[PDB]
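These notes concern the structure reproduced below.
Quick reminder, even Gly has a Cβ in these numbers, built from the backbone with ideal geometry, and neighbours come from all protein chains shown. Derivation of every value follows stated rules applied to the coordinates shown; laboratory data play no part.
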Amino acid sequence: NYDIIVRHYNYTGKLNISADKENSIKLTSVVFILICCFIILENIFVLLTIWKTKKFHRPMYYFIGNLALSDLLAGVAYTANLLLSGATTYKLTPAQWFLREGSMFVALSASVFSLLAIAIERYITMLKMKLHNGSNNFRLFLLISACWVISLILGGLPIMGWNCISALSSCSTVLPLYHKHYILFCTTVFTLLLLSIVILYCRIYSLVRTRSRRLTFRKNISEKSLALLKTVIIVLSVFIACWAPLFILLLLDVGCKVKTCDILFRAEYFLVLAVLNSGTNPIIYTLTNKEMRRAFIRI
Amino acid sequence: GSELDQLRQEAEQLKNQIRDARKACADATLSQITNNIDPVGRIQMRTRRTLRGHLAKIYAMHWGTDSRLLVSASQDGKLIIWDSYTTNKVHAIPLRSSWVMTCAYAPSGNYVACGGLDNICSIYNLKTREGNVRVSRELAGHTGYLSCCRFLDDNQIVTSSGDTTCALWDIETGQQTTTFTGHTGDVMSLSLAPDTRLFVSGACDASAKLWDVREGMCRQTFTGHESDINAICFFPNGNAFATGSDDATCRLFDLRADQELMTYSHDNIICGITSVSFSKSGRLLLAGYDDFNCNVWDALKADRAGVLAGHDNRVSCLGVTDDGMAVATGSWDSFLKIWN
Amino acid sequence: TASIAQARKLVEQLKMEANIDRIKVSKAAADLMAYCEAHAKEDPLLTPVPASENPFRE
Amino acid sequence: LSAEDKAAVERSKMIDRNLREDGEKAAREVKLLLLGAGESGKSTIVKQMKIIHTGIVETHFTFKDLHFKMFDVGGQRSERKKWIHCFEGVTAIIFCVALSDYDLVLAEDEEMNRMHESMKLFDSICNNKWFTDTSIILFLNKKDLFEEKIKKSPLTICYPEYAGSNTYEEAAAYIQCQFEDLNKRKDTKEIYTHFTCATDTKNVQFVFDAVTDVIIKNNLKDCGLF
Ligand SMILES: Cc1cc(-c2nc3cnc(Oc4cccc(Cl)c4)nc3o2)cc(C)c1OCC(=O)O
């Protein structure tokens, strides 16, 4: 119980014989809790804005609300994890220690799955042209349920299997009591999702360009393609440029051995950068659209 | 010359003396006569049925003579005949041209009358051996779009068109039996009488005129409005009638004497009336509006007494059933609602 | 000349309408409110209706 | 659940199924309103080797895979204000203007040179409250007569502010820019221009390109990716 946790931390070396007083006295903690409070604020304004207007009820807006809810849950998960990080080498049972990380993983996977669902829906809608645009609730419900179930399963898998409590040689250093196979599986899932999103957006842009430029040869006196390219490059640049550090850190963790690399004790900055990226989704997803910003100006 | 100037000067003196006679007989107002009576309490009405199935805007609706069946007309080209108390449908007649603005239920529940912008009228038959619907007549001969058409009997119909005319037709003959003319704008709506035999109509020339159904000439004229008249309704007693407009000033007139009695209006409304209906007592004057709700107003006190805000788009049709246990509202959001 | 015929039939309409009788608005409103009060006993629209006598109730 | 109630429910189910089946085939047909003045050549365009099928005279035709539907509302002499809200979901509004009528006096009313009232009509129909996201596709009528007349007739009578040459190209461009400068809604709706050609294929292809561009823009706005 307690002995297993302290033994694992001593083997990793993160115990540090903490003798600090109960007071937080950490500037990083306060700046990060203010940052996540700001994230929660932006998310809650987005949720109220999309809830109030009756016009905003299309499935696109349902997916946007799903993403906003996932980000809202992620911010609360981050602040809860941060407020409990002080007493991590003592006063804790393994059950709560696993629960914190499971909630963290669920919160950080739900947003990625929501982005994947949004990209899939946009590609499906843009693939075929219809005079009046609609959508069947079956596909919406299927996606909005499957994403949550798969995220919950991925988060809750370590609580029983791949718990590393027996083996003393396969436990990671950034997160003790964790088998590295789970980290490898998670990073493979992440890179697969990234590839799928990039391919889908590239296909959407290529389809729009090919259908527009070649078919139409009217008189002269193409801004749609430029605007589409700008939006695509903005979203992709943000997503990769602010999810890369955690990817690199996880690969470095699975690569290094115990007592071999003295860099991994800096994961807080990469984690807060990833949470900041997850938080700054609504800015991108409401600034580009004319109607959403007009409604926000009205509100 | 002398003929023209003498004629319109004589018309001037006739108009002046008519106005003088109108003013002389007016001594008080309905508010003064009924200044001592209890105001109607706050009216609470809740939707009981949410009839759905239309895929376009709703432009008309007419209750049957039994309080069991309805009729609608969407731009999709359908004339669904609903059945209350169950929400189920009984007929789904498809129209020829999907431009319809009128509806009519026969008083005996046998035929249905339709007509829109295509300058013709259709009479569908319901009670047939085949158990289907077939067009029995295709009455045509008008020049402008038909604005309204209400059944007068099982073999007599009356219509009003956009070429400043009305026509009393005759089914099974296909001939315009009687023609009424005189308007300078276009007749937008008309209403019958409890015992028929007379009918009032209103056009866009800021006027409202009454017509007899035998000799075929206007009896009197009721001016006063400053805008268009796109809605009208007849009092159950048969001696008064209401009148809507596009500037949110409902009017109540009198057949016995051409007088201005009520001036239903407010300060928070800048929209226009779309439909007006009475009740058996003639007290709760319902009305429709462009601001996405229907405001029921008391007739005697001329004040608001309830709001039926439950729609999304402009309300276009409104109706009170015969005996009276509920009202029906239909807007452009393809939804019919039954308030009670 | 259509204008002369228009004017002559308009003035004929005016003079034939001028022969109609007129009524006092006060007593007309009196009969109006009397009818409104008389035919209001049942009035299931403004008078509250019992649930058992409400067909539009599930 | 009695027998008559079950029969009524089955009848309602059949009616609803048939109605829903019929309501889907009508959601894949592009609707194009048509407008124009009296002698604006509306008869020749609907006779221009494409139309197959009083008041509204609806015409059906098919090109490639699209099924168009054209409503020629020209038989109405009543007020256009009381029935224009019916045409609210139309995809486009074809407009025809006669180029060879820059000098002839309008019938039954002196002056306006058969073009000034056309510009007032275009302004009235373009800056409306219902048509805020509808294209204003514009066909310019007979040009052979226009080019043969402008070679020997003055143009300043209709536009007494034009100091340019009397050539075809400059006059046509000036007319196009004058008609295209009345679009107040410069950000929502766009106006296309085309000079009428004898070949039916040219006009049909231009209409197809305009409507497919409108469809692309509508889809982009619907996805939120615009
Ligand atoms: C408390 C804590 C938590 C984490 C942490 N939370 C994570 C959530 N997700 C992922 O990977 C993802 C993320 C998103 C999506 C996917 Cl598919 C996988 N990595 C995580 O690391 C790291 C440290 C150093 C912590 O501090 C140590 C202590 O408890 O003292």
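Table: residues versus (1) farther than 25 Å from A:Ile197 by Cβ; (2) assigned to a helix (DSSP H, G or I); (3) away from chain D (no Cβ under 14 Å); (4) within 12 Å of the ligand (Cβ to nearest atom).
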position	(1), (2), (3), (4)
A:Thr89	yes, no, yes, yes
A:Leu92	yes, no, yes, yes
A:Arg100	yes, yes, yes, yes
A:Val112	no, yes, yes, yes
A:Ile120	no, yes, no, no
A:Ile124	no, yes, no, no
| request: Output yes when any residue across region A:245-263 is within 13 Å of the ligand (Cβ to nearest atom) and touching a strand residue (DSSP E or B) at 6+ places or on another chain (Cβ under 7 Å), and no when none is. | output: no
| request: Please work out which residue is surrounded by the most Cβ atoms within 10 Å (Cβ to Cβ), limiting yourself to region B:48-95 and to residues that are closer than 19 Å to D:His85 by Cβ and in contact with a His (Cβ under 7 Å, 6 or more places away or on another chain). | output: B:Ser72
| query | Mind checking whether some residue in region B:58-65 is of a type outside the set (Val, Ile, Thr), within 14 Å of chain C (Cβ to nearest Cβ), touching a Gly at 6+ places or on another chain (Cβ under 9 Å) and under 30 Å from C:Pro55 (Cα atoms)? | reply | yes
| Lone unmet requirement of (1) surrounded by 18 or more Cβ atoms within 10 Å (Cβ to Cβ); (2) within 11 Å of chain B (Cβ to nearest Cβ); (3) more than 20 Å from B:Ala92 (Cβ to Cβ); (4) in contact with a strand residue (DSSP E or B) (Cβ under 8 Å, 6 or more places away or on another chain) for D:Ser78 | (4)
| Can you tell which of A:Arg213, A:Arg139 is more than 13 Å from the ligand (Cβ to nearest atom) and either within 14 Å of chain D (Cβ to nearest Cβ) or crowded, with 17+ Cβ neighbours inside 10 Å (or both)? | A:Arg213
| query | (1) away from chain C (no Cβ under 14 Å); (2) basic (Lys, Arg); (3) outside any loop (DSSP other than H, G, I, E, B): which one isn't true of B:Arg96, the others all being true? | reply | (3)
| field | Residue tally, condition in contact with a strand residue (DSSP E or B) (Cβ under 8 Å, 6 or more places away or on another chain) and more than 8 Å from chain D (Cβ to nearest Cβ), over region B:66-76 | value | 7
| When A:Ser18 is evaluated against the numbered criteria (1) over 21 Å from the mean Cα position of the chain (by Cα); (2) surrounded by 14 or more Cβ atoms within 10 Å (Cβ to Cβ); (3) within 12 Å of the ligand (Cβ to nearest atom), which criterion, by number, is the only one it fails? | (2)
| Quick one: in region B:180-209, which of the residues that are surrounded by fewer than 19 Cβ atoms within 10 Å (Cβ to Cβ) and touching a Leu at 6+ places or on another chain (Cβ under 8 Å) is nearest to the other protein chains (Cβ to nearest Cβ)? | B:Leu198
| request: For region B:32-39, state whether one or more residues are among the acidic types (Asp, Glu), more than 8 Å from every other protein chain (Cβ to nearest Cβ) and assigned to a loop (DSSP other than H, G, I, E, B). | output: yes
| From the list A:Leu157, A:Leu108, A:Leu131, A:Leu83, which residue is under 30 Å from D:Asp133 (Cβ atoms) and either within 14 Å of the ligand (Cβ to nearest atom) or in contact with a strand residue (DSSP E or B) (Cβ under 8 Å, 6 or more places away or on another chain) (or both)? | A:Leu131
| Test for A:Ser237: is it within 19 Å of the chain's Cα centre (by Cα), within 11 Å of the ligand (Cβ to nearest atom) and assigned to a helix (DSSP H, G or I) | no
| remark: Exception for B:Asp290 within (1) more than 14 Å from chain C (Cβ to nearest Cβ); (2) assigned to a strand (DSSP E or B) falls at (2)
| message | With the structure loaded, tell me whether A:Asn281 is within 14 Å of chain D (Cβ to nearest Cβ) and within 16 Å of the ligand (Cβ to nearest atom) or whether it fails that test. | response | yes
| query | Among the candidates D:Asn128, D:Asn166, D:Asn203, which residue alone is within 16 Å of the chain's Cα centre (by Cα) and part of a loop (DSSP other than H, G, I, E, B)? | reply | D:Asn128
| request: Could you tell me whether region A:163-179 includes any residue that is in a helix (DSSP H, G or I) and either within 16 Å of the chain's Cα centre (by Cα) or buried (at least 16 other Cβ atoms within 10 Å of the Cβ) (or both)? | output: no
| said: I'm trying to understand the selection: among the residues of region A:244-287, which are acidic (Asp, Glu) and buried (at least 16 other Cβ atoms within 10 Å of the Cβ)? | reply: A:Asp253
| All positions within region C:10-58 that are among the acidic types (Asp, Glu), in a helix (DSSP H, G or I) and loosely packed, with under 15 Cβ neighbours inside 10 Å | C:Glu12, C:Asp31, C:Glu37, C:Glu53
| request: Taking A:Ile25 as the residue in question, decide whether it is more than 16 Å from A:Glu268 (Cα to Cα), more than 16 Å from the ligand (Cβ to nearest atom) and touching a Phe, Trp or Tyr at 6+ places or on another chain (Cβ under 6 Å). | output: no
| message | Which condition from (1) surrounded by fewer than 19 Cβ atoms within 10 Å (Cβ to Cβ); (2) under 15 Å from the mean Cα position of the chain (by Cα) is the one that B:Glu172 breaks? | response | (2)
| query | So is A:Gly13 surrounded by 11 or more Cβ atoms within 10 Å (Cβ to Cβ) and under 23 Å from A:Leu271 (Cα atoms) or not? | reply | yes
| request: Collect the residues in region B:196-255 that are more than 22 Å from B:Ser161 (Cβ to Cβ), assigned to a loop (DSSP other than H, G, I, E, B) and among the small types (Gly, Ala, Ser), keeping them in residue-number order. | output: B:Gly224, B:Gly238, B:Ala248
| Filter result (of a type outside the set (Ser, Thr, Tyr), more than 10 Å from the ligand (Cβ to nearest atom) and surrounded by 13 or more Cβ atoms within 10 Å (Cβ to Cβ)) within region A:180-204 | A:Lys180, A:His181, A:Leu184, A:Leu194, A:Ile197, A:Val198, A:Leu200, A:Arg203, A:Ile204
| task | Using the structure shown, decide if A:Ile40 is within 14 Å of chain D (Cβ to nearest Cβ), crowded, with 16+ Cβ neighbours inside 10 Å, under 19 Å from A:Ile283 (Cβ atoms) and more than 16 Å from the ligand (Cβ to nearest atom). | result | no
| field | Failed item in (1) of a type in the set (A, V, I, L, M); (2) touching an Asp or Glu at 6+ places or on another chain (Cβ under 6 Å); (3) closer than 30 Å to B:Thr34 by Cβ, with C:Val11 passing the rest | value | (3)
